[PDB]
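Going in written order, the chains are labelled A, B, C, D, E, F, G and H, and every chain counts its residues from 1.
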Amino acid sequence: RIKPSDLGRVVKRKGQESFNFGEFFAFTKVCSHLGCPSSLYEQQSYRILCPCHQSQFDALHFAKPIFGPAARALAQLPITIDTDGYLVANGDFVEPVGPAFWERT
Amino acid sequence: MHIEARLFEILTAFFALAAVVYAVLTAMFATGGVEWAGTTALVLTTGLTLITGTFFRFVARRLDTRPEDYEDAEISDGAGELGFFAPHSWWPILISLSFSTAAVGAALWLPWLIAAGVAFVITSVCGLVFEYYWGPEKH
Amino acid sequence: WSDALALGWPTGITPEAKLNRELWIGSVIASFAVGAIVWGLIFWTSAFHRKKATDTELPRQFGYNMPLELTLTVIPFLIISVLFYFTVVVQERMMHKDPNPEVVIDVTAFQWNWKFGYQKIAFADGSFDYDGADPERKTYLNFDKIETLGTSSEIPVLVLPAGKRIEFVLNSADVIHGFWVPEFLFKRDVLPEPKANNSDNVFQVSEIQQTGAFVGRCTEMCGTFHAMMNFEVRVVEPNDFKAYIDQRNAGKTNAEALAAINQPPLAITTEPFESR
Amino acid sequence: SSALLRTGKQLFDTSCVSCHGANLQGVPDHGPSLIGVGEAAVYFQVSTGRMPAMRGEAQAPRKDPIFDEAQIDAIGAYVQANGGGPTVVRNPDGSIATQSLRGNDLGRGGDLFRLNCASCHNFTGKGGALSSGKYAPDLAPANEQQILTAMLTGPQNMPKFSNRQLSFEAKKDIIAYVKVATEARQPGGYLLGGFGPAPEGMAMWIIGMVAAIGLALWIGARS
Amino acid sequence: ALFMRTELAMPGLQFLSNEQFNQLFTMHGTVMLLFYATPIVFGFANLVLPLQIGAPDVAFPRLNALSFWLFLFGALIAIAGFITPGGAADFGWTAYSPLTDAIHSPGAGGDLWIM
Amino acid sequence: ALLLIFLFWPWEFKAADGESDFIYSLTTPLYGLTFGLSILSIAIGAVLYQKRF
Amino acid sequence: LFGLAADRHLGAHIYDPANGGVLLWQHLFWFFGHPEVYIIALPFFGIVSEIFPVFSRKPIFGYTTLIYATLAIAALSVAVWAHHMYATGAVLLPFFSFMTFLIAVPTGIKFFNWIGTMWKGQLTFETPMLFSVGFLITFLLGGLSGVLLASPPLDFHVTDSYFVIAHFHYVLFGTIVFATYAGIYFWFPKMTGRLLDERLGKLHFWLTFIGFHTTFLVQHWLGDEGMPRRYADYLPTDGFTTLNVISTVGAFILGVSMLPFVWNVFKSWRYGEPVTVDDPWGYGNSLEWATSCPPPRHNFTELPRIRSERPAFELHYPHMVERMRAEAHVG
Amino acid sequence: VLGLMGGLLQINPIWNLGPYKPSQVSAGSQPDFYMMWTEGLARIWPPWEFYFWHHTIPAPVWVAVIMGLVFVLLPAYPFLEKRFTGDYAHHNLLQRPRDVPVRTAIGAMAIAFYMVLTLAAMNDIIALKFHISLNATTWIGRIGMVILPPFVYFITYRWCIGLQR
């Protein structure tokens, strides 16, 4: 959940302009380098840190990596609410999740 | 040695005078009485010079004239065999490394580093002290 | 001619400041005379005796001149004794602390700003008596009723009358600060607990002749924003000061109480720091 | 005498206004607003000593506290009177509570700690390093109310866990797990700091190998 | 010192900060007084004192090397506060009374300074 | 001593915060301290015998 | 320092202002810190007093007088520590003020003995002599400013300002920097067997002198009007914005002045005119100019007979002892 | 010795950890000290990937080939040295390491490389205990990996010749 104060520094990757519901963004938690949980989230730098080899993704710039051997952004999930007020998924990831291989991401 | 003792006696006399004068001048005329922090330093620097001067005085009274203390002398007087002056040794740098390890372990509060530094200091000092006394190996 | 020999000392606004300036000028002239003499000696011995000329055997091996050394060791003792006597006189004068003052300010210095107190106003005229002490202290600090408190956006301005005995009581909340007004030609350190450390945090000013605005700095090491603790001093007429005080007694800021006596509300010698 | 925050707004004015403003407005150079925050934020920030802060950089470190004799209450009440932030828990005496918040359940508390908290601190609450300066401190010297207010107010670069996503039982159980994990023995000998194989490798190289090589030097001749 | 000067010209904070300036003058004073002058004294002593008194060596020849290495490593320890993210020591060269406490000046550069 | 310690020492897991055991936390250190020290003493005796007889 | 570390790592209540903790630290630190400046001052007095007679072709004026002046400065340096704490209002001012006035004298006799040793000789200005004369000038100005600083009613204004900075920079620079360069240019052959270049030495000296006197002279005026030390910023409405520019120009000149010295040392250590004799500066003393220019291990292959404090001079000029003993007391 | 240090020092306390679950993680994730070089090499290798037609070559491929190259260069050293020096005789007397300066320098360079790779694996512990930035340690390792081996080579060569003298 992003503070309402900023909400103007978001960059919104080319194919996922409507994947967020207000101030919720819901990125994946599997690091795009070798698959450890990227769970270290710094609340006022908006950086996600993978503790296995220390990559850093920019939560305000479609989870773009900004340090380390990580080279691909984290996948984003589309969300919304249902007719009762609960958070549901609005589809599927647009691309595979996790480490890469010969075929594709 | 007669002149070193006289130097230290002069210094001790002046330091004792200054210490007493400062103490009795701050007992009065001062805001809170005796100052208690310069007084102590002064009496104990007096004690330092007193210890050194007294040792030199005893050694001078227990000694016969020396070619250094003696004028009138020639280089054939000191002809002889001096002491033992250590040639090359590599233990000082290890002692310094150990002490620096202990110091940096005390700066950043890390007890394991302090313990390791103390152990290394003991080991290096033992190596320095025993360097010219180890005998040949027993096989 | 004397603005040069003062080496940039600002002229005083207090009698003791003027005594201090007189002593400073005298001592500067004396030291300059000594330096000129000795530099002349050096330039002479290096300009003429330099002549390792066409002819030379070896100059002369002389090394002892007992009477000359006795003379040149006896004269500096007198030269320093004169100025020691004079400085003792002046430094005794500048710290008199007469028992009965007429205005008593409580200066508190905290982390990177000031706060002034107005502890007591009692003119020798019988024209104005006031007491601002406060048991708001529910412990060495002093708390008052009329407190001008400075913030990072407004330079705290202290207002004082002209031609009255002033007394300053210096206390600090956290660390050592410095209380320097370059026009008083005087400064004193603001200690945390001045009584447990055997320092007297009280000094007086005989009178302030000129009126106007003057700047003050901190002269210690306070930490990050040491260079951003400036304040100001406004010296006004006694009746204008009385009007300021009685208009401040009715709840009003310093800016409006200053504007109500036809004076600029903000500090005119200092501006708040943008680069903070 | 709750109608007395004249103390409070006596200490703030002489220790905070240079970085937060006279009206708690957040001097646009250094400090935040401090309006929406409450008594819990002030309690955690001052009691641990991170408050009144010197120069201020990537992380204000923990230091010795300046204020007590019930003046942490004074500043807390004064700040709560200017907003609606969270408040500190109290016991039936009016003091700040303790051992009744020990989530009698340590399994659930430990699972919650490993899912939510262990990523930045540790398996057992040792420190952890963040990016570019900042780190996550050790959880050993913090008492119970400090743990609660820490995960309730969300201090610098630490996420904020509300009472809706982490209910009060969850918080009590996490507190109990932390306080038990920091005070249990090591039933295998001297633990080498709480971390993984780095102290173990160092201890091997600097104890076992030197013992073995020293005995090899003693037994065998040198030539 | 050159960094200090080039900041002190031209009013306004052009490229430094307040913290960095304080660290600069602290470390300048410390280095120039304790890591350059006091050891250069013993440098000249070790160079030309035994020659001047007509001796073959100093009294204790290994204590000499011990002194040199202690000096070098102490200096390196004290200087290595700049690689700390908080910086070096920021109080004065003189380290006045309550400013170097634990409440004020809480960084990890003062510890290295002291040791 | 190793044999006696292994036979008669309180070894079961007792950890809690009410009854601070501290006797269970010493059960493995004692095993190691007796076993290793016994066999080390035997080795040192053997080395001395080889070096001096 | 151990007390301070205990207070920082254990909360040891040693220096709290509640106790006498604020003035205790200052007393201890300054009792250390004044002997420190005299420690780094005295041996360089020795260096210059040892360089002067070699290039003046004369004996050192007042040997025993210089020894007594050194002893007096040493004895007095430990009982003046509190002239650094005038503005705290917690010390006995007349005691320390008078005793600093007292310590001002032996330095004067030392200065006069140096000037006397240079008097009516045969001067030649090679780089060591040039640096020694620079030392003389700079230290005189610094000591004048210091004795001006020693009176309490004046320190009540100029303390913690740039006047103090100018003062101790004069004394520190003039002593360590100039006497150290003199000692280097003097004893480089005796430790290497080569000779440093002289044109580069003169260029170095003049650059250093000009840059130094242009970077630190205006700071007296800059600090007399209110500008305290340890400020990172100031306002344009204040004065003193041109003096800071002059000072920074001087600082950059001083910074550029170091290239000739390191270039000279880098070139002259390997190349450079070799020395195949003892005493490359003729008319030397002190028994170090009586052994091969790079001394052997153990420093000596033979010693001369010692009768005075100029043994090498009497060794290289044996026809001079009668004239050195005859006219040694004219003055 | 093994019994003593297995009784007095604690190693791998699995109960302080938990069972493996793909959703939770901790901060110190190092292997034992003989795989730390593999981990450090994976940490300090820059993110260089190649994307061409319908395919992807990720970064850890680099770690794979470097690891394999090390494991291939270890067993094939004697043949390299005999090809380069051209000496094929029988030898039963050993050499003192100071008499062969080039091989000693090569070995010291390899040991320095290994030490850099091993220390680059405890980034978190070093940056936490000793107050250093994390990005700083990453870049220190990334640059040391290139400038420390040759410096060590130079110093070791000169040191060997000094011992000979």
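Criterion: a residue touches a chain if its C-beta (ideal position, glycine included) is under 8 Å from a C-beta of that chain, and two chains touch if they have at least 3 such contacts.
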item: Both-way neighbours, i.e. chains that touch subunit C and touch subunit B; value: D, E, G
item: Dominant chain pairing [most C-beta pairs in contact]; value: C-G
item: Furthest chain, CA centroid comparison against subunit H; value: C
item: Chain whose Cα centroid lies nearest the overall Cα centroid; value: E
item: Inter-centroid spacing, subunit F versus subunit C (mean Cα positions, whole Å); value: 75
item: Centre-of-Cα separation between subunit F and subunit E, whole angstrom; value: 51
item: Distance between chain centroids, defined by C-alpha means - subunit D, subunit H (Å); value: 36
item: Shared-contact residues (touching 2 or more other chains) in subunit D; value: 54-55, 64, 119-120, 128, 130-133, 186, 188-189
item: Sequence positions of subunit F contacting 2 or more other chains; value: 28-29, 32
item: Contacts with two or more other chains, residues of subunit C listed in rising order; value: 174, 176, 192, 198-200, 220-221, 223-225, 227, 275
item: Which chain pairs touch, all of them; value: A-D, A-H, B-C, B-D, B-E, B-G, B-H, C-D, C-E, C-G, D-E, D-F, D-H, E-G, E-H, F-H
item: Of subunit B, residues touching subunit E in the complex; value: 82, 85-86, 89, 91-93, 95-97, 99-100, 103-104, 106-108, 128
item: Subunit B residues touching subunit G - in the complex, by the definition given at the top; value: 7, 10-11, 14-15, 18, 22, 25-26, 29-31, 35-38, 41-42, 45, 74-75, 106, 109
item: Contact footprint of subunit C on subunit E as seen in their complex; value: 12-13, 18-19, 22, 90-92, 96-99, 104-105
item: Residue ranges of subunit C in contact with subunit G within the complex; value: 6-10, 20, 23-24, 27-28, 31, 34-35, 38-39, 41-42, 45-46, 49-52, 56, 58-69, 72-73, 76-77, 80, 83-84, 87-88, 90-91, 94, 176, 178, 180, 182, 185-189, 191-193, 196-201, 203, 215, 217-221, 226-228, 269-271, 273, 275
item: Of all residues in subunit A, those that touch subunit D in their complex; value: 37, 39-45, 47, 49, 51, 54, 56, 67
